[PDB]
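Quick notes on the structure that follows.
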Amino acid sequence: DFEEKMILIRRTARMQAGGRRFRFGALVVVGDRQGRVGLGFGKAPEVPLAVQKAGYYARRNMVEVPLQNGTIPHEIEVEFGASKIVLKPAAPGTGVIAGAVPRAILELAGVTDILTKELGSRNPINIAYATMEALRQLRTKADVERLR
Amino acid sequence: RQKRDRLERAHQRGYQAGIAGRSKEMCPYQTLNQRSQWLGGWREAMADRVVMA
Amino acid sequence: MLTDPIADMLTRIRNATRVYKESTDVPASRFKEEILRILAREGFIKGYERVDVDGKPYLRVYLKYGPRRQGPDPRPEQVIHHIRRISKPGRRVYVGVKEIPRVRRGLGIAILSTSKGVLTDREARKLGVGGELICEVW
Amino acid sequence: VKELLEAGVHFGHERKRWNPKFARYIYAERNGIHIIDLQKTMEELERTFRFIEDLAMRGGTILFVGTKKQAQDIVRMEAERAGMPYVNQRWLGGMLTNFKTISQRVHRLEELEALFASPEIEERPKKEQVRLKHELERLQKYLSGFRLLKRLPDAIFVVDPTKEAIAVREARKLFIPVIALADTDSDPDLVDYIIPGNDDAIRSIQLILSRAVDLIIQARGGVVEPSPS
Amino acid sequence: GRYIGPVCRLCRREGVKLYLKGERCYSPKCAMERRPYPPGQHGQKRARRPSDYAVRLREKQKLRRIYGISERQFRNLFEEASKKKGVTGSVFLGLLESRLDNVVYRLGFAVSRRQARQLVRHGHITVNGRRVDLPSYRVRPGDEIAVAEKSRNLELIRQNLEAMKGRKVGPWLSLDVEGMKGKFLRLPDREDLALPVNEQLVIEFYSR
RNA sequence: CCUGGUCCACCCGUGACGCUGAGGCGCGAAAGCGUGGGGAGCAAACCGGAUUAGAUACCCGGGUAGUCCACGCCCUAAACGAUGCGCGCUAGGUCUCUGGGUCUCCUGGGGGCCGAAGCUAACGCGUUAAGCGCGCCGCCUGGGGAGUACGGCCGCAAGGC
RNA sequence: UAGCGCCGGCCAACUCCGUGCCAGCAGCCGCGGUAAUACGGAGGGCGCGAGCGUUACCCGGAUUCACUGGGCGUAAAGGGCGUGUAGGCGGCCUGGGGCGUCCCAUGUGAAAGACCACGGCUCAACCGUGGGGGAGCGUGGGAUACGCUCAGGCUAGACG
Ligand SMILES: [Mg+2]
Ligand SMILES: [Mg+2]
Ligand SMILES: [Mg+2]
Ligand SMILES: [Mg+2]
Ligand SMILES: [Mg+2]
Ligand SMILES: [Mg+2]
Ligand SMILES: [Mg+2]
Ligand SMILES: [Mg+2]
Ligand SMILES: [Mg+2]
Ligand SMILES: [Mg+2]
Ligand SMILES: [Mg+2]
Ligand SMILES: [Mg+2]
Ligand SMILES: [Mg+2]
Ligand SMILES: [Mg+2]
Ligand SMILES: [Mg+2]
Ligand SMILES: [Mg+2]
Ligand SMILES: [Mg+2]
Ligand SMILES: [Mg+2]
Ligand SMILES: [Mg+2]
Ligand SMILES: [Mg+2]
Ligand SMILES: [Mg+2]
Ligand SMILES: [Mg+2]
Ligand SMILES: [Mg+2]
Ligand SMILES: [Mg+2]
Ligand SMILES: [Mg+2]
Ligand SMILES: [Mg+2]
Ligand SMILES: [Mg+2]
Ligand SMILES: [Mg+2]
Ligand SMILES: [Mg+2]
Ligand SMILES: [Mg+2]
Ligand SMILES: [Mg+2]
Ligand SMILES: [Mg+2]
Ligand SMILES: [Mg+2]
Ligand SMILES: [Mg+2]
Ligand SMILES: [Mg+2]
Ligand SMILES: [Mg+2]
Ligand SMILES: [Mg+2]
Ligand SMILES: [Mg+2]
Ligand SMILES: [Mg+2]
Ligand SMILES: [Mg+2]
Ligand SMILES: [Mg+2]
Ligand SMILES: [Mg+2]
Ligand SMILES: [Zn+2]
């Protein structure tokens, strides 16, 4: 039942003695729309096997996402590795506003209304963890007064 | 900073070249930052023949 | 030789929390404490009190952190993750009561000095006054 | 148990090798040598024990580890003695996190165990069986304390906490609890359940080795003589 | 103007059923029942993984292609949608429905929206008063939609009132059947409207 | 002999007298220039010998400015830690310089080394920050064209800005 | 009456023939060398429709002049180093003033446009009536935490 959307599919390389050799790799987000989200980077000599691992690692890599009215609690900026990602919570009419990567993660996250902005380097693999580690940072009014 | 290991080599090169009975005192590398080590490396080992023995 | 004792203080807190100290000492001032009277009363810390070094008044500030953690990196979460000075000696930043902001969607707090005293975002709405927006905490 | 008795020689350890985190656990340093606070141990040791007790009388395994020659075999006694798994040799990477693969090797020694007294062999070309017994003696040497575990331990025991820091990671990682003996050699915060006492002299070790295993064995029921030193 | 061409061809390319032809599509002639693949010689070739763009394009396109309305008019119905207060998917769809020609098919006076428009255009309908020939007209809530006292009995109109005999239509809709009248009553909630269209793939597509 | 900076200790005096700094002013390696000395060694240019397909080079024997002093210019540089200055706050380990002390140590100021947290695109940095903050100044905004041209200012010129 | 653009990737829509670094396409990356989804025609498809495309200019994407919101060890970026003028910045405590600054009141901020609602042309464009704004400045009233100024004291900066 886990929704599992693909994003990045790429053919990298290393040089042997005369000839050259390949390794595909892929980025895959996983989700139920009910607020459990995860993403992992699969890579492996052949095309599907890599997409295979993608799901698996993504499968156990996850997080709490406190959807409040289906959007998000609070606005947060996050910097992961020269790439930047901004999420501002949006009202019910809005819809998902984001690039292919930040959206697809928020789709399987099942956010309905969101305002995002991508600053810094837009290199996806980095936009990836940046958005996850962003999500991973959200705190509901509950969690707040608790610590206070 | 990964060139540590040139210093490290050349000091050692000297630290072993120092302990001989007899060593050269005249036999470094022609770069600067590398020669500090080998000659000052040949120093400890030439000084350690004094201490003890 | 500090240009801005306030933004120093905050910075002094911030450096500490990041290794999680019991308390920390900042040089004391009437306006400093008056601000601490907000952090602590809003629960970012345990609080403060007037101590002594060589005859020099400081303020020892006891820091509220939070629960330990399983997995790798047991390091607790801060109660203050984010604090940064807003109206600097370089640029003095002022708002009127309508221009008053809301930190992290009501989750965080904006400390600001006004002619009704050192208050918060909420409190300036409650009092209907603006002032110099001193900093933002969360 | 055994309150000020731990003074016997179970007390302070190193000289200016200290991780400064450990300072809340220190009393002072004479002989130019960093020395532990003992009541610190007991206050914590009190709190420490309860955990294991709980888990014992909840009936589940605990992984005993140290490879330092000083505590090396003093593990093997109190481990077999406890009837719980251990590690006495070079510590395998992924011993937890790679488990399913390690296991393929665990089941590989037990293929030799059946093959130990078997019709199959002899009808071997004589190295073929010596290969197996080198493999066996090898499979033996590294895991003789290992097979006692077929599913993930609910806590783990370490003598030297940053020695085994390899182990202390996978464990730390998997959400598995960490109990262990820390000193001036190492630091807090990387360990849930800590013994603030020497990791080196067998004396400091032997006390916390057996006298834990003792309050283990008893919590799981039955009470026996003190173990071999 | 309006589309005006091979309609049960785009019935196909959406890959999903289009009732734009009315009766015949109910029959097992709709070609969704016959050739469920999309027009042109490449229908029978293995489909390729749709891009995010393509995805929101078609979902907007389906919804668009339905009411038979110009991309232009469609867009002005958006916008003011998002400019108006409240949830945008809804009020879009609502104002999208409040359009007379659709309302006419809604009350049931015709099998297709195409047919429905031709009906309104020819003045064969009316509202609360005088005749209205204007397919784009916004039906306000609590407003009666008659037929023409001078068109009252008419061949095509009547048989198409002879399917509409007795069957129930819409929570936002009342009908007094052979009394030829009918009333737009409620402002349609999203739930009542059921169409094979995610509203999100519209609003998203319009951020470009 | 004349003279600057800087460190320590005493807690004695002054009472915010502070930080920074557009322009300005002074200093500023070598080479170069003016005048007058000086000239052993070395050595652009230059002359030979070799090597070479050639060898206006590398190697060899020569050799003049210059290299030195005084005075006056010049004002550049991989003028580099390629890191502006001032103050505060954030593990320690190590050896070294130099002060002071109840002298193993403790402590103030310099110099390096490995490194917590943190920073960073990575390399790496890290109480001598490239951390975390505040003040001020200076500079950046694709490569080449080009640090060129024009103008201005400066210089005897070279040439600088 | 139906037309125009596209169908290599960005970017939605594929095949046949012709052509063979030619004729040509082109916003960038690039395409054409005999099997070209990138040229020319067809067949087909996608897009929009009395329009469809192109050129020119403006804003955007440009977070690529960065107040909001950028930087300078090696990517472009710290002045060769001082001294110091103007200027920018200003440690603790108490008070007088109230300039900044903060609130209230009152004036002005024409109309049209814009926004919300309601209406009049059969709707719409278009037009009407009504509503509420808004920094900004003038005037009266107040508040004193922070910056400012005047006044008095302090020793943690700094100097001796
Ligand atoms: Mg950055
Ligand atoms: Mg038109
Ligand atoms: Mg709306
Ligand atoms: Mg002197
Ligand atoms: Mg005094
Ligand atoms: Mg000079
Ligand atoms: Mg010279
Ligand atoms: Mg001369
Ligand atoms: Mg010659
Ligand atoms: Mg010569
Ligand atoms: Mg000569
Ligand atoms: Mg000359
Ligand atoms: Mg240098
Ligand atoms: Mg220096
Ligand atoms: Mg430079
Ligand atoms: Mg400077
Ligand atoms: Mg700087
Ligand atoms: Mg001394
Ligand atoms: Mg020092
Ligand atoms: Mg110096
Ligand atoms: Mg280092
Ligand atoms: Mg940097
Ligand atoms: Mg420039
Ligand atoms: Mg030049
Ligand atoms: Mg000129
Ligand atoms: Mg395509
Ligand atoms: Mg063409
Ligand atoms: Mg073509
Ligand atoms: Mg801009
Ligand atoms: Mg800025
Ligand atoms: Mg930049
Ligand atoms: Mg650079
Ligand atoms: Mg410099
Ligand atoms: Mg300077
Ligand atoms: Mg100065
Ligand atoms: Mg002056
Ligand atoms: Mg001044
Ligand atoms: Mg002040
Ligand atoms: Mg001033
Ligand atoms: Mg007006
Ligand atoms: Mg407005
Ligand atoms: Mg006095
Ligand atoms: Zn059909």
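Naming scheme: A, B, ... for chains in displayed order of the structure tokens; residues 1 onward per chain; ligands 1 onward as shown.
Look at residue C:36: the protein and nucleic acid residues within 9 Å of it, using only C-alpha atoms (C1' of nucleotides) and passing over chain neighbours fewer than 2 places away, are residues 31, 32, 33, 34, 38, 39, 40, 41, 45, 47, 48 and 61 of chain C.
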For those residues, write N, CA, C and O atoms to a file as an mmCIF file, in the first residue's frame.
data_model
loop_
_atom_site.group_PDB
_atom_site.id
_atom_site.type_symbol
_atom_site.label_atom_id
_atom_site.label_comp_id
_atom_site.auth_asym_id
_atom_site.auth_seq_id
_atom_site.Cartn_x
_atom_site.Cartn_y
_atom_site.Cartn_z
ATOM 1 N N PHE C 31 18.398 46.516 31.907
ATOM 2 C CA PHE C 31 17.659 46.185 30.686
ATOM 3 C C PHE C 31 17.893 44.723 30.281
ATOM 4 O O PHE C 31 17.014 44.088 29.713
ATOM 5 N N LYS C 32 19.073 44.189 30.591
ATOM 6 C CA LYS C 32 19.372 42.785 30.295
ATOM 7 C C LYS C 32 18.426 41.868 31.036
ATOM 8 O O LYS C 32 17.725 41.063 30.409
ATOM 9 N N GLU C 33 18.417 41.998 32.367
ATOM 10 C CA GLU C 33 17.561 41.187 33.238
ATOM 11 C C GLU C 33 16.099 41.320 32.811
ATOM 12 O O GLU C 33 15.387 40.332 32.632
ATOM 13 N N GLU C 34 15.683 42.558 32.600
ATOM 14 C CA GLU C 34 14.334 42.865 32.175
ATOM 15 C C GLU C 34 13.918 42.054 30.941
ATOM 16 O O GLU C 34 12.747 41.733 30.759
ATOM 17 N N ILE C 38 11.677 37.627 30.431
ATOM 18 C CA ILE C 38 10.778 37.158 29.403
ATOM 19 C C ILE C 38 11.104 35.751 28.927
ATOM 20 O O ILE C 38 10.217 34.907 28.838
ATOM 21 N N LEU C 39 12.349 35.527 28.531
ATOM 22 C CA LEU C 39 12.798 34.174 28.193
ATOM 23 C C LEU C 39 12.293 33.162 29.213
ATOM 24 O O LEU C 39 11.574 32.213 28.862
ATOM 25 N N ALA C 40 12.711 33.365 30.469
ATOM 26 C CA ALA C 40 12.398 32.452 31.573
ATOM 27 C C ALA C 40 10.911 32.367 31.903
ATOM 28 O O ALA C 40 10.393 31.262 32.067
ATOM 29 N N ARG C 41 10.240 33.521 32.000
ATOM 30 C CA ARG C 41 8.797 33.561 32.252
ATOM 31 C C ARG C 41 7.988 32.912 31.112
ATOM 32 O O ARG C 41 6.842 32.506 31.312
ATOM 33 N N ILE C 45 14.104 29.173 29.428
ATOM 34 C CA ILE C 45 15.057 28.758 30.437
ATOM 35 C C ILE C 45 14.389 28.391 31.756
ATOM 36 O O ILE C 45 13.161 28.447 31.887
ATOM 37 N N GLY C 47 15.823 30.114 34.393
ATOM 38 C CA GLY C 47 15.864 31.486 34.838
ATOM 39 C C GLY C 47 17.253 31.957 35.199
ATOM 40 O O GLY C 47 18.271 31.315 34.887
ATOM 41 N N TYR C 48 17.270 33.084 35.900
ATOM 42 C CA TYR C 48 18.483 33.837 36.147
ATOM 43 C C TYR C 48 18.536 34.261 37.592
ATOM 44 O O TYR C 48 17.579 34.035 38.341
ATOM 45 N N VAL C 61 22.586 32.241 34.095
ATOM 46 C CA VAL C 61 21.368 31.872 33.419
ATOM 47 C C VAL C 61 21.284 30.361 33.255
ATOM 48 O O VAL C 61 22.085 29.758 32.544
#
Could you list, as a PyMOL selection string, every residue within 8 Å of stretch 6-20 of chain A, counting only C-alpha atoms (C1' of nucleotides) and ignoring same-chain residues fewer than 4 positions away?
chain A and resi 24-29+100-101+104+124-125
Which residues come within 8 Å of stretch 38-45 of chain E, counting only C-alpha atoms (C1' of nucleotides), excluding same-chain residues fewer than 6 positions away, as a PDB file with N, CA, C and O atoms (P, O5', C5', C4', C3', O3' and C1' of nucleotides), in the first residue's frame?
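Result went into around26.pdb, see below:
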ATOM      1  N   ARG E   9     -13.880  11.055 -30.436  1.00  0.00           N
ATOM      2  CA  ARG E   9     -12.405  10.908 -30.562  1.00  0.00           C
ATOM      3  C   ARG E   9     -11.583  11.310 -29.308  1.00  0.00           C
ATOM      4  O   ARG E   9     -10.546  10.694 -28.990  1.00  0.00           O
ATOM      5  N   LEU E  10     -12.002  12.380 -28.638  1.00  0.00           N
ATOM      6  CA  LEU E  10     -11.330  12.794 -27.419  1.00  0.00           C
ATOM      7  C   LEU E  10     -11.952  12.054 -26.240  1.00  0.00           C
ATOM      8  O   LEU E  10     -11.389  12.053 -25.139  1.00  0.00           O
ATOM      9  N   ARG E  12     -11.854   9.040 -26.395  1.00  0.00           N
ATOM     10  CA  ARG E  12     -10.667   8.153 -26.355  1.00  0.00           C
ATOM     11  C   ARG E  12      -9.431   8.667 -25.636  1.00  0.00           C
ATOM     12  O   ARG E  12      -9.005   8.085 -24.640  1.00  0.00           O
ATOM     13  N   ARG E  13      -8.822   9.717 -26.193  1.00  0.00           N
ATOM     14  CA  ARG E  13      -7.490  10.170 -25.752  1.00  0.00           C
ATOM     15  C   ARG E  13      -7.402  10.486 -24.250  1.00  0.00           C
ATOM     16  O   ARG E  13      -6.313  10.431 -23.656  1.00  0.00           O
ATOM     17  N   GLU E  14      -8.537  10.792 -23.625  1.00  0.00           N
ATOM     18  CA  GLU E  14      -8.519  10.941 -22.178  1.00  0.00           C
ATOM     19  C   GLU E  14      -8.355   9.574 -21.491  1.00  0.00           C
ATOM     20  O   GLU E  14      -8.025   9.527 -20.291  1.00  0.00           O
ATOM     21  N   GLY E  15      -8.581   8.484 -22.253  1.00  0.00           N
ATOM     22  CA  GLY E  15      -8.492   7.107 -21.763  1.00  0.00           C
ATOM     23  C   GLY E  15      -9.617   6.735 -20.806  1.00  0.00           C
ATOM     24  O   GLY E  15      -9.700   5.606 -20.328  1.00  0.00           O
TER      25      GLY E  15
ATOM     26  P     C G  14       3.532  10.252 -29.769  1.00  0.00           P
ATOM     27  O5'   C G  14       4.953  10.526 -30.401  1.00  0.00           O
ATOM     28  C5'   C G  14       5.903   9.487 -30.514  1.00  0.00           C
ATOM     29  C4'   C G  14       5.644   8.651 -31.728  1.00  0.00           C
ATOM     30  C3'   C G  14       6.886   8.064 -32.396  1.00  0.00           C
ATOM     31  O3'   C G  14       6.558   6.776 -32.899  1.00  0.00           O
ATOM     32  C1'   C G  14       5.680   9.305 -33.965  1.00  0.00           C
ATOM     33  P     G G  44      -3.905  11.648 -41.964  1.00  0.00           P
ATOM     34  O5'   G G  44      -3.519  11.332 -40.447  1.00  0.00           O
ATOM     35  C5'   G G  44      -3.367   9.989 -39.998  1.00  0.00           C
ATOM     36  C4'   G G  44      -2.461   9.888 -38.786  1.00  0.00           C
ATOM     37  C3'   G G  44      -2.714  10.875 -37.650  1.00  0.00           C
ATOM     38  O3'   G G  44      -3.843  10.558 -36.854  1.00  0.00           O
ATOM     39  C1'   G G  44      -0.387  10.727 -38.051  1.00  0.00           C
ATOM     40  P     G G  45      -4.640  11.726 -36.085  1.00  0.00           P
ATOM     41  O5'   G G  45      -3.611  12.160 -34.957  1.00  0.00           O
ATOM     42  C5'   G G  45      -3.378  11.314 -33.839  1.00  0.00           C
ATOM     43  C4'   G G  45      -2.282  11.845 -32.950  1.00  0.00           C
ATOM     44  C3'   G G  45      -2.582  13.161 -32.244  1.00  0.00           C
ATOM     45  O3'   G G  45      -3.312  12.985 -31.046  1.00  0.00           O
ATOM     46  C1'   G G  45      -0.477  13.303 -33.306  1.00  0.00           C
TER      47        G G  45
END
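The binding environment of ligand 19, defined as every protein, DNA or RNA residue with an atom no more than 12 Å away and counting only C-alpha atoms (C1' of nucleotides) and all ligand atoms, comprises residues 96, 97, 98, 107, 108, 109, 110, 111, 112, 127 and 128 of chain F.
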As an NGL selection string, please: all residues of stretch 24-87 of chain A that backbone DSSP puts in strand (DSSP E).
:A and (24-31 or 37-44 or 76-80 or 83-87)
Within 12 Å of chain F, which residues of chain A show up? Give each one with its shortest atom-to-atom distance in Å (one decimal) and the two atoms involved, counting only C-alpha atoms (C1' of nucleotides), rows by chain then rising residue number, as CSV.
residue,atom,partner,partner_atom,distance
A:80,CA,F:120,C1',11.6
A:81,CA,F:121,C1',7.9
A:82,CA,F:121,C1',7.3
A:83,CA,F:121,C1',10.4
A:120,CA,F:121,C1',11.7
A:121,CA,F:121,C1',10.1
A:126,CA,F:121,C1',11.8
Quick one: write out the picked residues with C-alpha atoms as a PDB file, in the first residue's frame?
ATOM      1  CA  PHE A  80      21.534  21.357   3.600  1.00  0.00           C
ATOM      2  CA  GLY A  81      24.839  21.550   1.748  1.00  0.00           C
ATOM      3  CA  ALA A  82      24.660  24.846  -0.208  1.00  0.00           C
ATOM      4  CA  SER A  83      21.085  24.066  -1.175  1.00  0.00           C
ATOM      5  CA  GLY A 120      20.853  27.876  -3.211  1.00  0.00           C
ATOM      6  CA  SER A 121      21.935  24.974  -5.432  1.00  0.00           C
ATOM      7  CA  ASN A 126      20.728  17.776  -2.187  1.00  0.00           C
TER       8      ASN A 126
END
For ligand 3, list the contacting residues at 9 Å or closer, counting only C-alpha atoms (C1' of nucleotides) and all ligand atoms, as a ChimeraX atom specification.
/A:92-94 /E:79-89,91
Dump as a compact mmCIF listing (two decimals), in the first residue's frame, selection limited to C-alpha atoms:
# COMPACT_ATOMS: atom_id res chain seq x y z
CA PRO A 92 -6.90 24.98 2.17
CA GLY A 93 -7.44 26.37 -1.37
CA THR A 94 -3.73 26.58 -2.23
CA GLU E 79 -8.54 33.48 -11.47
CA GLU E 80 -11.72 35.17 -10.18
CA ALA E 81 -12.13 31.72 -8.65
CA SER E 82 -8.81 32.15 -6.78
CA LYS E 83 -9.56 35.85 -6.39
CA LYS E 84 -12.90 35.04 -4.75
CA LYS E 85 -12.82 34.04 -1.06
CA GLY E 86 -12.86 30.38 0.00
CA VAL E 87 -11.52 27.14 -1.48
CA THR E 88 -10.60 27.54 -5.12
CA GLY E 89 -11.30 24.02 -6.45
CA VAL E 91 -15.96 27.77 -6.29
Can you pull out every residue with an atom within 10 Å of ligand 23? Use only C-alpha atoms (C1' of nucleotides) and all ligand atoms and format it as a PDB file with N, CA and C atoms (P, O5', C5', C4', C3', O3' and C1' of nucleotides), in the first residue's frame.
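The result, written out as out-v5.pdb:
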ATOM      1  P     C F 139      36.735  50.117  -2.267  1.00  0.00           P
ATOM      2  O5'   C F 139      36.530  48.637  -2.832  1.00  0.00           O
ATOM      3  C5'   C F 139      37.446  48.120  -3.787  1.00  0.00           C
ATOM      4  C4'   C F 139      37.592  46.619  -3.715  1.00  0.00           C
ATOM      5  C3'   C F 139      36.575  45.804  -4.491  1.00  0.00           C
ATOM      6  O3'   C F 139      36.819  45.770  -5.880  1.00  0.00           O
ATOM      7  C1'   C F 139      36.790  44.882  -2.363  1.00  0.00           C
ATOM      8  P     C F 140      35.580  45.750  -6.894  1.00  0.00           P
ATOM      9  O5'   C F 140      35.051  44.279  -6.725  1.00  0.00           O
ATOM     10  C5'   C F 140      35.912  43.195  -7.034  1.00  0.00           C
ATOM     11  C4'   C F 140      35.186  41.887  -7.015  1.00  0.00           C
ATOM     12  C3'   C F 140      34.020  41.764  -7.976  1.00  0.00           C
ATOM     13  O3'   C F 140      34.448  41.427  -9.292  1.00  0.00           O
ATOM     14  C1'   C F 140      33.387  41.004  -5.834  1.00  0.00           C
ATOM     15  P     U F 141      33.883  42.214 -10.584  1.00  0.00           P
ATOM     16  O5'   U F 141      32.574  41.404 -10.923  1.00  0.00           O
ATOM     17  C5'   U F 141      32.450  40.025 -10.594  1.00  0.00           C
ATOM     18  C4'   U F 141      31.024  39.592 -10.701  1.00  0.00           C
ATOM     19  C3'   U F 141      30.221  40.354 -11.760  1.00  0.00           C
ATOM     20  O3'   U F 141      29.441  39.447 -12.512  1.00  0.00           O
ATOM     21  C1'   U F 141      29.127  40.465  -9.664  1.00  0.00           C
ATOM     22  P     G F 147      45.951  41.906 -18.944  1.00  0.00           P
ATOM     23  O5'   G F 147      46.206  42.475 -17.483  1.00  0.00           O
ATOM     24  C5'   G F 147      46.983  43.655 -17.263  1.00  0.00           C
ATOM     25  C4'   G F 147      46.201  44.908 -17.561  1.00  0.00           C
ATOM     26  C3'   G F 147      46.929  46.240 -17.256  1.00  0.00           C
ATOM     27  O3'   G F 147      46.609  47.208 -18.274  1.00  0.00           O
ATOM     28  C1'   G F 147      44.846  46.191 -16.177  1.00  0.00           C
TER      29        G F 147
ATOM     30  P     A G  76      39.033  33.032  -9.456  1.00  0.00           P
ATOM     31  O5'   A G  76      37.907  34.138  -9.661  1.00  0.00           O
ATOM     32  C5'   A G  76      38.044  35.136 -10.649  1.00  0.00           C
ATOM     33  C4'   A G  76      37.429  36.427 -10.185  1.00  0.00           C
ATOM     34  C3'   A G  76      37.743  36.829  -8.743  1.00  0.00           C
ATOM     35  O3'   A G  76      38.917  37.616  -8.647  1.00  0.00           O
ATOM     36  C1'   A G  76      35.394  36.890  -9.111  1.00  0.00           C
ATOM     37  P     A G  77      39.976  37.361  -7.475  1.00  0.00           P
ATOM     38  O5'   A G  77      39.451  38.333  -6.354  1.00  0.00           O
ATOM     39  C5'   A G  77      39.122  39.669  -6.687  1.00  0.00           C
ATOM     40  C4'   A G  77      38.222  40.274  -5.663  1.00  0.00           C
ATOM     41  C3'   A G  77      38.648  40.057  -4.220  1.00  0.00           C
ATOM     42  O3'   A G  77      39.575  41.038  -3.779  1.00  0.00           O
ATOM     43  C1'   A G  77      36.363  39.484  -4.483  1.00  0.00           C
TER      44        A G  77
END
Excluding stretch 25-31 of chain B and its own-chain neighbours fewer than 2 positions away, which residues fall within 10 Å of it when counting only C-alpha atoms (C1' of nucleotides)? Please give them as a ChimeraX atom specification.
/B:10,13-14,17-18,22-23,33-39,42-43,46
Restricting the output to N, CA and C atoms, write the selected residues as a compact mmCIF listing (two decimals), in the first residue's frame.
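What follows is the written file again-v4.txt:
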# COMPACT_ATOMS: atom_id res chain seq x y z
N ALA B 10 59.74 12.99 5.36
CA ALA B 10 61.06 13.67 5.34
C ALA B 10 61.72 13.90 6.72
N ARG B 13 62.66 10.38 7.42
CA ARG B 13 63.83 10.18 6.57
C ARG B 13 65.08 10.66 7.27
N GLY B 14 64.96 11.85 7.86
CA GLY B 14 66.02 12.44 8.65
C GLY B 14 66.21 11.83 10.04
N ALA B 17 68.03 8.83 9.43
CA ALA B 17 69.35 9.21 8.89
C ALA B 17 70.24 9.83 9.96
N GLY B 18 69.61 10.50 10.93
CA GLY B 18 70.31 11.04 12.08
C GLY B 18 70.90 9.91 12.91
N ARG B 22 78.15 6.45 11.53
CA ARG B 22 77.87 7.88 11.24
C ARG B 22 76.75 8.26 10.21
N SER B 23 76.12 9.42 10.43
CA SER B 23 75.13 10.01 9.51
C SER B 23 75.80 11.01 8.57
N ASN B 33 60.07 23.76 2.83
CA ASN B 33 59.18 23.23 3.89
C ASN B 33 59.43 21.76 4.19
N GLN B 34 59.95 21.03 3.20
CA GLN B 34 60.40 19.64 3.38
C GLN B 34 61.79 19.53 4.05
N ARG B 35 62.65 20.53 3.82
CA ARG B 35 64.02 20.47 4.34
C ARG B 35 64.09 20.84 5.81
N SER B 36 63.10 21.59 6.29
CA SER B 36 63.07 21.96 7.71
C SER B 36 63.05 20.64 8.47
N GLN B 37 62.06 19.81 8.17
CA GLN B 37 61.93 18.48 8.76
C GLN B 37 63.20 17.63 8.72
N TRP B 38 63.69 17.29 7.53
CA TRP B 38 64.83 16.38 7.44
C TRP B 38 66.07 16.83 8.24
N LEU B 39 66.44 18.11 8.16
CA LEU B 39 67.60 18.62 8.94
C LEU B 39 67.32 18.75 10.46
N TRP B 42 67.14 15.25 11.51
CA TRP B 42 68.49 14.75 11.70
C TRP B 42 69.04 15.33 12.99
N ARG B 43 68.35 16.35 13.52
CA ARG B 43 68.74 17.00 14.77
C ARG B 43 68.45 16.12 16.01
N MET B 46 70.47 13.06 16.14
CA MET B 46 71.87 13.38 16.41
C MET B 46 72.02 13.87 17.85
So which residues of chain A fall under helix (DSSP H, G or I) by DSSP, listed as an MDAnalysis selection string?
chainID A and resid 47:59 100:108 124:135 141:147
Name all residues at most 12 Å from residue F:25 (count only C-alpha atoms (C1' of nucleotides); drop same-chain ones fewer than 5 positions away) and give them as a list in words.
residues 82, 83, 84 and 85 of chain G
Can you pull out every residue within 9 Å of stretch 10-20 of chain F, counting only C-alpha atoms (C1' of nucleotides), but drop anything in the same chain fewer than 5 positions away, and send it as a list in words?
residues 1 and 3 of chain C; 85, 86, 87, 135, 136 and 137 of chain F; 88, 89, 90, 91, 154, 155, 157, 158, 159 and 160 of chain G
Ligand 8 neighbours within 12 Å using only C-alpha atoms (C1' of nucleotides) and all ligand atoms, as an NGL selection string
:F and (31-38 or 65-73)
